[PDB]
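Peer 1: so I pulled this structure from the PDB, and the sequence comes with it:
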Amino acid sequence: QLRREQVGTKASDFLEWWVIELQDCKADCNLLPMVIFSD
Amino acid sequence: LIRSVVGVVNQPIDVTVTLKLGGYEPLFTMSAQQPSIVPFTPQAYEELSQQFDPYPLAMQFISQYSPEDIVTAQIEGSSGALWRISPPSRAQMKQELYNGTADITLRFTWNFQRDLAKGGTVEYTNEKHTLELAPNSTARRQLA
Amino acid sequence: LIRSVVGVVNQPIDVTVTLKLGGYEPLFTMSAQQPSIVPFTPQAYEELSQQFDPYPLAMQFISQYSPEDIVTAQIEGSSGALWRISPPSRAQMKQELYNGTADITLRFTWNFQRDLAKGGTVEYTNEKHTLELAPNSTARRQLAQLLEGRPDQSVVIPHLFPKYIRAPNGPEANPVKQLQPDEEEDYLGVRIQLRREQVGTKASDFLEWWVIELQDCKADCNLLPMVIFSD
């Protein structure tokens, strides 16, 4: 997700960030998993 | 008996991961700590034994480690910040993605940092991963 | 005579400290350098010998080191930045603090980095410190009055901040149990400012940061002190 938010001049009045997710998010558009293997 | 003693586990307390599209700014970034790290329960160790049955390399991979040698990082889907960036630089990356007739890279960079009192004489283990997008490609058009 | 030679002091050039309330964003952060570090004068070494007289562990702690093995970090009370944060994430932490019926942690994380040409085979010495707040507690209610978007309030801090930190010859910094013998209550008190500034949509038109201070600031709402003990 691009996320602009109205508060480029107009594109600065919009304020944006990025949201990551899965191809089909269930709740991982909030919290994606990944598993790692320490040593 | 000096090469035998081993088993002090190094559960990494630190995960930092950023998606950096272009050299202008890392677009997505986040880090997380042990609230967003799951130490495995041995039930979930048996689960990770289960779901990947007929693959032998995966079988020895699961049976290699201890139960508590593997952890599960969670990463926040939303940003922990803004895309704090100069709008001239957004304009230049925008106009390159319009008509800059060359390639563009994406670095997905996972990154980890362990603890230090556990031992380990190197701390910041990671690697990048590169995806390459053509001048005016399909995913480039989605970004457009 | 190979285990005898010692005395090359490692005065740490780097202090980085952040207050991270919640997993959403570290609210307060700062670092400082040698303008905001005070190398002791031996007059102040005798002073630190003086003010903590009848405590024997503190007495051996002061008499252990050299005069120039201890330094005093200053930390800016105001922010060095903004609370740069997504207003959805501010809304989710706000609504958790409203009605998310679980606990919430605060990490005060002091952190240090020494120099490298002085020696020392480990560099980033630190430790966190956790304060736990209940679902809808009293300090949580002070934060609830903070997060409403109103330009008046303040906070009460149940003693997170230590003042004297042993900077070891190892990987993990730890406070002094000798000059401060009480391990949760000897550690001093903080107070905070939310600072919004008109330029949530209106809450984005207001622009906010955090300002740290003492329970009763005299000038340390600009510059709080803390004293650390290199090795």
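Peer 2: Sure, I can see it. Residues are numbered from 1 along each chain as shown, chains lettered A, B, ... in the order given.

Peer 1: the longest strand that chain A contains pairs with which strands, parallel or anti?
Peer 2: The residue-count maximum for a strand in chain A (DSSP state E) belongs to strand A:31-37. Using DSSP bridges, strand A:31-37 pairs in its sheet with strand B:70-76 (antiparallel).

Peer 1: which other residues reach the strand it pairs with?
Peer 2: A:20, A:30-38, B:11-12, B:15, B:17, B:30, B:32, B:36-40, B:45, B:48, C:23 (CB atoms under 8 Å, 6 or more residues apart in numbering or on different chains). The way it works is simple: take the backbone N, C-alpha and C, and place the C-beta from them, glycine included.

Peer 1: for stretch A:26-39, list every residue counted as buried.
Peer 2: A:32, A:38 (16 or more other CB atoms under 10 Å in any protein chain shown).

Peer 1: please save the CA atoms from that stretch in CSV.
Peer 2: Written as CSV, here are the backbone C-alpha positions of stretch A:26-39 (Å, rounded to 0.1, in the frame of the first residue of the first chain):
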residue,chain,number,x,y,z
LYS,A,26,-5.7,-12.5,6.5
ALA,A,27,-4.3,-10.6,9.4
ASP,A,28,-0.7,-10.4,8.2
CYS,A,29,-1.4,-7.1,6.6
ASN,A,30,-0.9,-6.1,10.2
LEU,A,31,1.8,-8.7,11.1
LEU,A,32,3.6,-10.8,8.5
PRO,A,33,5.5,-13.9,9.7
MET,A,34,9.0,-15.2,8.9
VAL,A,35,11.0,-18.0,10.6
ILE,A,36,14.7,-18.0,11.2
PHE,A,37,17.2,-20.6,12.4
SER,A,38,19.8,-19.6,14.9
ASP,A,39,23.1,-21.4,15.5
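
Peer 1: which residues does the closest residue to chain B within chain A bridge with?
Peer 2: Residue of chain A nearest chain B, by CB to the nearest CB: residue A:17 (3.9 Å). Counting by DSSP bridges, residue A:17 is bridged to residue A:3.

Peer 1: how many other residues sit next to it?
Peer 2: Residue A:17 is flanked by 24 other residues according to other CB atoms under 10 Å in any protein chain shown.

Peer 1: for residue A:15, grab the count of nearby residues.
Peer 2: 18.

Peer 1: so in terms of bridging, what pairs with residue A:34?
Peer 2: Going by DSSP bridges, residue A:34 forms beta bridges with residue B:73.

Peer 1: measure it to chain C for me?
Peer 2: Computed as CB to the nearest CB, to the nearest Å, the residue A:34 to chain C distance reads 17 Å.

Peer 1: spatially central residue for chain A, please.
Peer 2: residue A:19 (0.5 Å; CA atoms, centre = their mean).

Peer 1: where does it fall, phi/psi-wise?
Peer 2: Here is the backbone geometry of residue A:19 (degrees, to the nearest 10): phi -130, psi 120.

Peer 1: quick check, the residue in chain A closest to chain C?
Peer 2: Counting by CB to the nearest CB, chain A gets nearest chain C through residue A:7, at 4.6 Å.

Peer 1: burial check on that residue, number of neighbours?
Peer 2: With other CB under 10 Å as criterion, residue A:7 counts 17.

Peer 1: same deal with the one 5 residues further on?
Peer 2: Residue A:12 has 12 neighbouring residues, counting by other CB under 10 Å.

Peer 1: residue A:14 - how many residues pack around it?
Peer 2: 13.

Peer 1: equivalent analysis for residue A:16, please.
Peer 2: So residue A:16, with other CB under 10 Å, has 19 neighbours.

Peer 1: repeat that for residue A:20.
Peer 2: 19.

Peer 1: same check, this time on the one 4 residues further on
Peer 2: Neighbours of residue A:24 under the rule other CB under 10 Å: 7.

Peer 1: with residue A:23 instead?
Peer 2: 4.

Peer 1: list the buried residues for stretch A:5-14?
Peer 2: Buried residues in stretch A:5-14 (16+ other CB under 10 Å): A:5, A:7.
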